[PDB]
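Next up: just one chain, as structure tokens, the form deposited in one PDB entry.
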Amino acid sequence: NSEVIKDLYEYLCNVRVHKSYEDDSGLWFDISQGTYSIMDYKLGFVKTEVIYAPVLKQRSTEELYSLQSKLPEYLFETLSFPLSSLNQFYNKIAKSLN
């Protein structure tokens, strides 16, 4: 059921957690979020406080240009913010992509 439950989260919230892992720094998630404009990023949780890291090296120049025009500039660099701001962070990305 885990695979269809993730499908629901994708249709309901336009977000997909590809996988998780825990390194020395903390617990990390590979995440994509969409609307067709899509953004890929990692969220780290260190113990809590949240680290956001955009995954942009693979994206094409046309792709980067579209995202940059509409998304807030800080979304294209690493960012640290409190856990209590995580849902707003999700909504800001969602509102910017759509």
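Residues carry their position along the shown sequence, with the first being 1. Shifts are known only where both forms have a C-alpha. So that the term is clear: the rigid core is the largest set of C-alpha atoms that superpose within 1.5 Å between two forms.
Another form exists, deposited in another entry; not displayed. Remarks below refer to it.
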property	result
Did residue 20 shift 2 Å or more between the shown form and the other one, C-alpha, core superposed	yes
Note on residue 86-residue 22 C-alpha separation in that other deposited form, which departs from the shown form by 3 angstroms or more	farther
Direction of C-alpha distance change in that other deposited form, residue 25 to residue 73 (at least 3 Å)	farther
Residue ranges moving between the shown form and the other one (criterion: at least three consecutive CA positions shifted 2 angstroms or more, core aligned)	18 to 26
